[PDB]
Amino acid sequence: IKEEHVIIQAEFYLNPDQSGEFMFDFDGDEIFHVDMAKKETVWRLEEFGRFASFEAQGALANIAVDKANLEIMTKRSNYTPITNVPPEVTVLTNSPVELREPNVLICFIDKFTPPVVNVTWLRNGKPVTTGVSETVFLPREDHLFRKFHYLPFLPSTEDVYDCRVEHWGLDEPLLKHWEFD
């Protein structure tokens, strides 16, 4: 009964956005996903690609059918729409901070749906972009989603950052702070 590992193949398709996703997960971490627009496998860590492969064409096949099924189900459910569930945002660092010692801010957006969200990094009111990256939409046993946004930065005594998350389940945009506290 002792469970050790879980490998999940997770995919989804959403309307009217017309956005889909196909990805593999290991014990909670993303092994890889297929960028739908470019139709190509992209590994969560480049090393993984040097030891394994995946035919992106496969993802296309699966999402194609997923899209058809969404059409079917929506109609069958008599067009019942999904109920928005707002995210819980939290922002912390990669490791302890030291002045001028490179670090990384992590914005955790959790327990939400549908998988559509707009995130914005802000340093003293100005949106920051250089260096930022993010993960695709990760799955949850309760079928809501998880997402991570990253911002590499150089700690300083004169900077306050915040992660701004926007979602249909929220009344106003959510804004999480971070100023070394």
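We number the residues from 1 along the sequence you see.
Comparing the deposited coordinates for 109-117 and 41-49, the stretch with the larger average C-alpha B-factor is 41-49. Looking at mean Cα B-factors across 27-35 and 123-131, the upper value is held by 123-131.
Sorting the modelled residues of the chain by their CA temperature factor places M73 in the highest third.
Ranked within its chain, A10 lands in the lowest third, by CA B factor from the PDB record.
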